[PDB]
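Asker: Okay, structure incoming, though there's no sequence with it:
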DNA sequence: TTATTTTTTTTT
């Protein structure tokens, strides 16, 4: 055992010479420190290609962070402020976490500086003790030898308990052989459960007063059994754990440490970050559908339950009338803002009932979160969580507080789906009852992009490394338009100079041009004559090719037209490969595994391969169904071994899912079998070993791109609705399309019919190019190239790859070749930012439309809350002060829509009608316009009194000509009325009137209560009879004033009674001033104000 | 119309 004192004379300035991928990370984080500060998080997406140093420059960064903590601890050991920096390396694959851990451990041992070993052996053993790998509970238990668990069981006195020792004996006996797959599955279940129970006992023993003192061999055994113990102990910086294990959290001897709550300071390396969206999404919708009718049978929230039982009559059992709901349940879906659908029915009060119950439940969960914050480090946090729930009415409850910290918002706040989620409710008669029914509510409270932005906001310096980290899709990647809006400049990016420096590095390690490697791309069309000849030679005696496909290959007539197409393209690729003289190793990337389920197709393909092998005088080996089960049961080195030892060619039949990340395809070169066809495309080679990789590929079009979840039926619905709402949020779907897709997904949409609606976006094509960019990127992993690389592409991809228009600076050579070939025979691409502007304008208008309807309704439900009134006033003041803003505001974002013409736009729509039917920018050349000249803001602030008022209050005397303009709803319903109110308040105040806030009892019924000197009889103002009756019911005799901001001053003043009927001034109750300001010359209507003053004198 | 394979972790 060695200590940190070993680094006494170690020189921390002797760093290995950094490759242009290390300098990029160093410079980006050094810049991040200057811009954002030391204590701020970050998110640096790094598009590094696999195979040119992606994992060395990540583990060398981890090692430099490790060595920046030895220095800090040596310097600060006197001070004692030993808050360790938690370094994480997370990736979704267990096989990649272990591989990365072992690669770092080999990097520590083998790294040299200036030809000398970097670390003396004591420092090698010190640094390798800091690294803990955190596998799941089962593999963490089976990692433990008999001695470790014997010592732990004796040390905590758990050896004397017969149940624990019985379970441990059973586990040892099973592990002695562990051969059959079912045996190992049972052993894994057993190990997981026993580790659960053992760690529960350990945690209870440590939590109490009679604790165990851990030191020496017992501590070593606990730290072997519990690696998270070292992290809590302070004996390990670095954790190598998957994404799922990162979100779950790992155990230590006192609690379950969840890394998502102590991110302050964490340096987190997420490898293949874009893939984490699907993973984090799959753990977001793994929750359970928690019933609500049963739930509300279980301090102000107690009175709220009483009031719920008072109004919705909870004392009565809830029974549903009508049809039998169990044949097809009646469902309710709701994004928590502006999009709400349900199974076909005319409003069914169920929607309000279910929404009210879910509001009860969500407010209840928020109440526990606030109670925990009040009560209050994981030990104290979990103690608070356990204690608060421990009382009389919650004894039978679930206690799901932790998932909230692991995982609707008003205007005047940043509205987005990525932190409001979705709510889905399903109603059916309960198990074994017909009078009682259930409301199985399940919901998302964030999206994976919301989780990532929460992690970055919390302090974590996330460093996501993936060749397509910034792919422009939102279903197969994070929403980097939300992350840029939310995070701001904590979403780091590498500059243009750094991109071209990385590009120079990559070209230096892959110098195809100077060496003569030729990437030859061909796009394969389906040919019927080719396949018909091959089939009629496969079974000569059959009377037709369709007969061959129907009888022998087993293809029914319905799928025959599809099988012919994809089979014909694939066989064309194989023929073109085998005829290629010196190419040697092919990979076919289909969408389906050609396993035993497709054995007749395999027989035909192998027949054709043998045909062409004989014809062209080479021997070709085919590897059908190179599966995930195959690559586990039978190593991929069986291909490499064949290529290293036997002459000929190799055809490998894999899929897009099967060849995931970390499944390295290169083989070990033998110059006896390669000939003169291999050349080296690198300037300086880091190894004497010779290896080579794929040199022919077939790329079938990716088909099943809408990701789905097979965990459950209620987990598939949440995934599908998440994808629909993430497409609506990004602007890919209009609110019309998104709501039709949502309400059809409710009623039982197929998959072939959800997929056809995915295909109408441009997100789909970005996902297809993401699939094709990785497929050819995982093939080029070594610097020995053939003098000719064949790429065969499904012709369906030519029209999709031809539209790749991003910057070619980081594209691999193969993908550049694919896209350049696609372009040369393609096409005015329909701009996507333009369509996105239309869709987002419609969505912002719909959001403002429904939120204003709701807010005005709430203000009309007396009494009005202070939150609602303050939101109303915040919105009106924001629109008055900032009618148009330069940048999309973070906090008031859906009062605005981004226009195409700065300062104004055109629309047609019914502000009292359907928010989906709104049309907008030049798509409407003649329509209602939203401009300064329409609110007459120029005529209003030309008044002698109004302009000083608008200047003092800080309002806008004219609209700035900026891109973001108010939505039609905000312009019409709110802004113009705000201008009228401010103008009349300005004009009247200068004539010795005073204005005071309306009482909450009659808010929004009238503009303001106005108090004028000399009159104790109250007055009310309405500026642009039941309200009059109610106001006189509350406050007695009042005279109401109706005035306009501007208009015709020549009109006579109208004296009216309570019924809007003309009457004498002495009998006049409501005075109607046609215009306080002249519509033509902005002269104050002094005549009308004198009349009002005199009429109040004679009141 | 569109046409699939693939994981991970904790519990029950």
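Answerer: Here it is on my side, so go on. Numbers count the residues shown, from 1 in each chain, chains lettered A, B, ... in the order given.
Asker: tell me the domain boundaries of chain A?
Answerer: Split into domains by automatic domain parsing, chain A comes to A:131-235, A:290-446, A:516-704+A:770-824, A:713-753, A:832-975, A:991-1097.
Asker: Determine how far the second one lies from the middle of the whole chain.
Answerer: Remark: domain A:290-446 is offset 23 Å from the chain centroid, using Cα atoms, centre = their mean, to the nearest Å.
Asker: Over to the longest one?
Answerer: Using Cα atoms, centre = their mean, the distance from the centre of domain A:516-704+A:770-824 to the centre of the chain it belongs to is 34 Å.
Asker: That one vs DNA strand B: in contact?
Answerer: Yes. Under the criterion of Cβ under 7 Å from any atom of the strand, DNA strand B is reached by domain A:516-704+A:770-824 at A:559, A:561-562, A:591-593, A:627-629, A:655, A:657-658, A:660, A:703-704. For the C-beta atoms, the positions are set from N, CA and C on the backbone; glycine is no exception.
Asker: Same check on stretch A:740-758?
Answerer: Yes. Using Cβ under 7 Å from any atom of the strand, stretch A:740-758 reaches DNA strand B at A:750, A:751, A:752, A:753, A:755, A:756.
Asker: Derive a PyMOL selection command for the buried subset of those residues.
Answerer: Filtering the residues of stretch A:740-758 next to DNA strand B down to the buried ones (16 or more other Cβ atoms under 10 Å) takes a single PyMOL command:
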select buried, chain A and resi 755
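Asker: closest to residue A:474 among the residues of stretch A:740-758 next to DNA strand B?
Answerer: Distance to residue A:474 across these (Cβ to Cβ) is lowest for residue A:755, with 16.6 Å.
Asker: nearest spatial neighbour of the closest one, skipping sequence neighbours?
Answerer: residue A:706 (5.4 Å; Cβ to Cβ, 6 or more residues apart in numbering).
Asker: coming back round to it: and the residues of domain A:516-704+A:770-824 next to DNA strand B, which of them are in strands?
Answerer: In this view, those that belong to strands under DSSP state E are residue A:655.
Asker: Just the buried ones from the residues of domain A:516-704+A:770-824 next to DNA strand B?
Answerer: Using 16+ other Cβ under 10 Å, the buried members of those are A:592, A:593, A:627, A:655, A:658, A:660.
Asker: Quick one: those residues as TSV, columns for distance to residue A:218 too.
Answerer: Supplementary listing: those in TSV, determined by distance: Cβ to Cβ, whole Å:
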residue	distance to residue A:218
A:592	54
A:593	50
A:627	45
A:655	49
A:658	46
A:660	41
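Asker: what's the neighbour count on residue A:241?
Answerer: Counted with other Cβ atoms under 10 Å, residues neighbouring residue A:241 total 26.
Asker: check contacts around it.
Answerer: Applying Cβ atoms under 8 Å, 6 or more residues apart in numbering, we find residue A:241 in contact with A:88, A:89, A:90, A:97, A:133, A:134, A:135, A:250.
Asker: Next: residue A:993.
Answerer: By Cβ under 8 Å, 6+ apart, residue A:993 lies in contact with A:1010, A:1011, A:1012.
Asker: Name the nearest residue to the second one, sequence neighbours excluded.
Answerer: Yep, that's residue A:1011 we're talking about. That would be residue A:994: by Cβ to Cβ, 6+ apart, it lies 4.7 Å from residue A:1011.
Asker: thought that neighbour was touching residue A:1008?
Answerer: No. Residue A:994 is beyond contact range of residue A:1008, at 9.8 Å (criterion: Cβ atoms under 8 Å).
Asker: which of the two has more neighbours?
Answerer: residue A:1008 (21 against 12).
Asker: In chain A, spot the helix with the most residues.
Answerer: Assignment by DSSP state H gives helix A:832-860 as the longest helix of chain A.
Asker: need the contact list for the closest residue to DNA strand B within the stretch 1-150 of chain A.
Answerer: Nearest to DNA strand B, among the residues of the stretch 1-150 of chain A, is residue A:136, at 3.1 Å (Cβ to the nearest atom of the strand). By Cβ under 8 Å, 6+ apart, the contact set of residue A:136 is A:192, A:245.
Asker: all helices of the stretch 1-150 of chain A, in order?
Answerer: Under the criterion DSSP state H, counting those that start in this stretch, the stretch 1-150 of chain A carries helices at the ranges A:20-36, A:56-76, A:94-110, A:121-129, A:137-142, A:146-155.
Asker: buried stuff in the fifth one?
Answerer: It stands for helix A:137-142. Buried positions in helix A:137-142, judged by neighbour count with 16+ other Cβ under 10 Å: A:137, A:138, A:140, A:141, A:142.
Asker: contact partners of that helix?
Answerer: Under the contact criterion Cβ under 8 Å, 6+ apart, helix A:137-142 has outside partners A:134, A:171, A:175, A:187-189, A:191-192, A:194-196, A:198-199, A:225, A:227, A:251.
Asker: Just give the closest residue to the residue in the stretch 301-450 of chain A positioned nearest to DNA strand B, not the sequence neighbours.
Answerer: When scored by Cβ to the nearest atom of the strand, the stretch 301-450 of chain A has residue A:398 as its residue closest to DNA strand B, at 8.6 Å. Of all residues not flanking residue A:398 in the chain, residue A:290 sits nearest, at 7.0 Å (Cβ to Cβ, 6+ apart).
Asker: And the one you found, how far from residue A:7?
Answerer: 52 Å (Cβ to Cβ, to the nearest Å).
Asker: Which of those two has more residues huddled nearby?
Answerer: Taking other Cβ under 10 Å, residue A:290 and residue A:7 do not tie; residue A:7 has more neighbours (21 against 16).
Asker: How about the closest residue to DNA strand B within the stretch 151-300 of chain A, nearest residue that isn't a chain neighbour?
Answerer: Closest residue of the stretch 151-300 of chain A to DNA strand B, Cβ to the nearest atom of the strand: residue A:192 (3.3 Å). Distance criterion Cβ to Cβ, 6+ apart; nearest residue to residue A:192, sequence neighbours excluded, is residue A:138 at 4.1 Å.
Asker: again, but for residue A:805
Answerer: Per Cβ to Cβ, 6+ apart, closest to residue A:805 is residue A:829, 6.7 Å.
Asker: Same question for residue A:256.
Answerer: Using Cβ to Cβ, 6+ apart and skipping the chain neighbours, the partner closest in space to residue A:256 is residue A:249 (5.1 Å).
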